[PDB]
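Take a look at this one chain, the form deposited in one PDB entry, written out in structure tokens.
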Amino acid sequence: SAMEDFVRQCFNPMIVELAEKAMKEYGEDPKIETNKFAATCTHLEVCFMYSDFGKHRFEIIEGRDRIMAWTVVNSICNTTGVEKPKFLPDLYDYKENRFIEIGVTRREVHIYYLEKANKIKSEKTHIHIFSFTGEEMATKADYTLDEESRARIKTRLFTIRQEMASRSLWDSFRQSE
């Protein structure tokens, strides 16, 4: 399909391999579940960009194998005393000393924020939701990053959406969330 071609042209090889790895784990084929494949790559890219905007302020948890992800979380919990999350989060903020859950949505940021908060129920893990429309929602409206870094993320996401549009893939994608 066009979707795999788009994914391999707009995402970096590492991200693509990571996303394919995740999918091969669940039991899903990136050539059938093409919209899921794109969402995994998009969310991975956002996580990595978030981390790279940080002396390293953020520890990346997402994109690691579960064994290693929970090793990182456990080490952080034992050195900081911060409580252990029930679900693997996406980053850890050493400056603000808190785990962060990153959401990327094709819907309205508030619907997805409510969904993530209801899902985690761990009042400690900070939530940051980004849209493909340049909108964001974050716990206590603490957006953590500076304006330019958040702007770079927003620009990239809008750019992915428009690349999908030029290829007639956006409509399927936004209805597949």
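The numbering used is simple: start at 1 and walk along the sequence shown.
Not on display, but discussed next: the form solved in complex with a small molecule.
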Does any heavy atom of residue 159 come within 4.5 Å of a heavy atom of the small molecule in the deposited complex? no
Contact with the small molecule in the deposited complex for residue 31, defined as at least one heavy atom pair within 4.5 Å: yes or no? no
Is residue 155 close enough to the small molecule in the deposited complex to count, meaning some heavy atom within 4.5 Å? no
Partner proximity in the deposited complex: residue 15 to the small molecule, non-hydrogen atom cutoff 4.5 Å: yes
I need to confirm a contact call. Of 110, 124, 57, 64, which residue comes within 4.5 Å of the small molecule in the deposited complex, counting heavy atoms only? 64
